[PDB]
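Undergrad: Going from the sequence shown to the UniProt record's numbering is simple: count from 1 and add 215.
Cβ atoms here follow ideal geometry from the backbone N, Cα and C, with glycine treated the same way.
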Amino acid sequence: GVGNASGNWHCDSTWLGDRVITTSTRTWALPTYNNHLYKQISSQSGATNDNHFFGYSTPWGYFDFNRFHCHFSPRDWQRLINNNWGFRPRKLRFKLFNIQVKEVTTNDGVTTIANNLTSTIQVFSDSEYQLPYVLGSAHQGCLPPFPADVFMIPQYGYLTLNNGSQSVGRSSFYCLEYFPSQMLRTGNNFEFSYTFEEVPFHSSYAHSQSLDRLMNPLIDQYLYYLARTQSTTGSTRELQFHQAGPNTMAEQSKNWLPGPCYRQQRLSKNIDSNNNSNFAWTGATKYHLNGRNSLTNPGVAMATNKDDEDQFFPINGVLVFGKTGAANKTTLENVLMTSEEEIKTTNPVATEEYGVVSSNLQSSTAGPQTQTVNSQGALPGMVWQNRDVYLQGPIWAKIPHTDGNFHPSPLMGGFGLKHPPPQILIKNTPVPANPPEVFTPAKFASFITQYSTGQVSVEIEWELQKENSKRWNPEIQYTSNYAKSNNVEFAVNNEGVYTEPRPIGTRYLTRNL
């Protein structure tokens, strides 16, 4: 009813062993988008060939909770990462309640808001995945990390096949009103459930060993390797074979290789150490698709740097978050950089080459020649780790429906799902203004300005993978600084603005490689 609440505020994180259920409730607002119209959108004429697009902006909004800070509080995230070797999402429950549709008159420079007890809102989940999926592109407009913050629902829109700024016959147009939808008045609520597919546990650990250091450092190998081609004490030719041992670990026979590489240019956090040119685009690592160059950002998972090089990062091979209050264009001091240095054990460094291969056939007259492999694809015997997930980073990405894929793990980091949580589209039902007294066939374009508010609750049940290490020495754990400061870490300031000072990964416990 009008005076009866259709739901309650559930914000909790219950731990049960091998299982944690996180429920987050947020207050949401929804404007009318596009004046209830579908608008064709395209890149401007002056846009570069690489930024051409064609698509449609709809009057619908969508709910996005595809970020770990939507469901995990910093304390909950700390509990997860400091005590578990892995985790994955198991169950999902979505609820929409306490809906209030409000009319706005905005007359004579003063806006008056009134309750509209008969207007409805249309809500539906694309459980059959018949709409373009957009909850996989690190877009803004998700649930605020802080439960007390109210957020504005983002406007739904999609892109289709384009030829420059034009569309081709293969381009598809989607009308969301063509789907079945549930209509909610102030007394109604919407609910639905979803089950995640069996997906691998996310690696919440770093390796205690490197791939090239898996041998016994005390015994020798029974296999021989060519140690010298020229005999010492003069320029004499002879094939010398040695058994590799502890002192020649680099020459030992191994069973595994580091993961695939797609090299990226290196930048220094000290500006004076970088080349004096604007190479953010020319020097960036890209891929070619239909005559378009697109950044490989963040690209294949690779170590951000090697030992003692924390001030170097790949040109575009690292996820970069914004500090609280940061603008859409800022400098290095106002952004937070993730570091994938934990995967140096098995992944190549993003800024270095994969290796060197022979590029010719040597002879008594032709000396050996080597070639640097700056991009190596999958090889047999390769092992690697995926990009680390972050509290403020994405959770899941839809796997493209294609004939083939290789290791369908999202490059931005998270879980790849063939049937991810369906998009939940929400819209304010149009409420026409007074029609003309004499019939006219012209399109109706007079609407009473309206918006909506409500509560949205998302409950995710995650399965925990328990650490079982026999490590004797204490582990590295995520912890907050104990030093005095003007503001508590992960809290509000004197202005009531919630802040996330730094990014938190998951790889603090360690596993044997």
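Would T539 and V712 qualify as a contact pair, given that the criterion is a beta-carbon distance under 9 angstroms?
TA: As a working mapping, residue 539 is identified with position 324 in the sequence shown. As a working mapping, residue 712 is identified with position 497 in the sequence shown. Result yes, Cβ atoms of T539 and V712 sit closer than 9 angstroms.
Undergrad: Quick check on this structure: which residue in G592, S419 and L576 has the alpha carbon closest to the alpha carbon of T585?
TA: Translated into positions along the sequence shown, residue 585 becomes position 370. Comparing Cα-Cα distances from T585 to each of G592, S419 and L576, the minimum goes to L576.
Undergrad: Taking the Cβ atom as the reference point for each residue, do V564 and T500 lie within a distance shorter than 9 angstroms?
TA: To locate residue 564, count along the sequence shown from 1; it is residue 349. To locate residue 500, count along the sequence shown from 1; it is residue 285. Not in contact: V564 and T500 (Cβ atoms no closer than 9 angstroms).
Undergrad: Measure the alpha-carbon distance for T229 versus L640 and round it to whole angstroms.
TA: Here the question's residue 229 lines up with position 14 in the sequence shown. Here the question's residue 640 lines up with position 425 in the sequence shown. When only Cα atoms are considered, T229 and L640 end up about 29 angstroms apart.
Undergrad: Taking Cβ positions, are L728 and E690 nearer each other than 9 angstroms?
TA: The residue you call residue 728 lines up with position 513 of the sequence shown. The residue you call residue 690 lines up with position 475 of the sequence shown. Their beta carbons are not under 9 angstroms apart, which means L728 does not touch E690 by this criterion.
Undergrad: Going along the chain, which residues of its own chain have a beta-carbon closer than 6 angstroms to the beta-carbon of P637, five neighbours each way excluded?
TA: The count along the sequence shown starts at 1 and reaches residue 637 at position 422. Excluding the 5 residues flanking it on each side, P637 has same chain C-beta neighbours closer than 6 angstroms at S340, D341 and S342, in chain order.
Undergrad: Taking only three categories from DSSP, how would you classify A581?
TA: Position 366 of the sequence shown, counted from the start, is the residue given in the question as residue 581. It is coil, neither helix nor strand.
Undergrad: What are the residues that DSSP puts in a beta bridge with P304?
TA: Position 89 of the sequence shown, counting from 1, holds the residue named residue 304. Answer by DSSP bridge pairing, in chain order: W677.
Undergrad: At which residues does the alpha helix (DSSP H) containing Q293 begin and terminate?
TA: Stepping through the sequence shown from its first residue, residue 293 is reached at position 78. It spans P289 to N298 - the alpha helix (DSSP H) in which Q293 sits, taken as one unbroken run.
Undergrad: Which value, in whole angstroms, describes the spacing of the CA atoms of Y393 and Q345?
TA: The count along the sequence shown starts at 1 and reaches residue 393 at position 178. The count along the sequence shown starts at 1 and reaches residue 345 at position 130. Roughly 11 angstroms separates the two Cα atoms.
Undergrad: With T327 and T320 assumed to form a contact (beta carbons below 8 angstroms), what rounded beta-carbon distance in angstroms separates them?
TA: Working through the sequence shown from its first residue, we reach residue 327 at position 112. Working through the sequence shown from its first residue, we reach residue 320 at position 105. Between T320 and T327 the Cβ distance is about 5 angstroms, and since that is below 8 angstroms, they are a contact.
Undergrad: Within the same chain, show all residues whose beta-carbon is closer than 6 angstroms to that of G460, passing over the 5 residues directly before and after it, in chain order.
TA: Within the sequence shown, numbered from 1, the residue matching residue 460 stands at position 245. Taken in chain order, the residues that qualify are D435.
Undergrad: What residues in its chain sit with their C-beta under 7 angstroms from that of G379, if we drop five residues either side in the sequence?
TA: Sequence index remark: in the sequence shown, residue 379 carries index 164 (1-based). Excluding positions up to five away in sequence, the list reads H267.
Undergrad: Would you give the residue range spanned by the beta strand (DSSP E) that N643 belongs to?
TA: Mapped onto the sequence shown, residue 643 falls at position 428. Here the beta strand (DSSP E) through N643 covers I639 to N643.
Undergrad: Over the uninterrupted beta strand (DSSP E) stretch that includes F339, give me the two end residues.
TA: Within the sequence shown, numbered from 1, the residue matching residue 339 stands at position 124. Element bounds for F339: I336 to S340.
Undergrad: What's the C-alpha gap between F662 and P645?
TA: For this step, residue 662 is matched to residue 447 along the sequence shown. For this step, residue 645 is matched to residue 430 along the sequence shown. Their backbone Cα atoms lie some 7 angstroms apart in a straight line.
Undergrad: Pull up the CB-CB distance for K310 and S667, whole angstroms please, since I reckon it's below 8 angstroms.
TA: Taking the first residue of the sequence shown as 1, we reach residue 310 at position 95. Taking the first residue of the sequence shown as 1, we reach residue 667 at position 452. That belief does not hold up - the Cβ atoms of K310 and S667 are roughly 16 angstroms apart, past 8 angstroms.
Undergrad: Straight-line CA distance for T560 to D525?
TA: As a first step, residue 560 is located in the sequence shown; it is residue number 345 there, counting from the start. As a first step, residue 525 is located in the sequence shown; it is residue number 310 there, counting from the start. Straight-line Cα distance between these residues: approximately 16 angstroms.
Undergrad: Comparing alpha-carbon positions, which option in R308, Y439, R385 and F388 lies nearest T410?
TA: One-based indexing of the sequence shown puts residue 410 at position 195. It is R308.
Undergrad: Which residues does DSSP pair with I236 in a beta bridge?
TA: Residue mapping note: residue 236 aligns to position 21 of the sequence shown, counting from 1. Paired residues: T229 and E676.
Undergrad: Alpha carbon to alpha carbon, what distance is there between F456 and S446?
TA: Residue numbering aside, residue 446 sits at position 231 when the sequence shown is read from its first letter. Residue numbering aside, residue 456 sits at position 241 when the sequence shown is read from its first letter. Those two C-alpha atoms are separated by around 11 angstroms.
Undergrad: Beta strand (DSSP E) containing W275: first to last residue?
TA: As a position in the sequence shown, residue 275 is number 60, starting the count at 1. It spans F269 to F278 - the beta strand (DSSP E) in which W275 sits, taken as one unbroken run.
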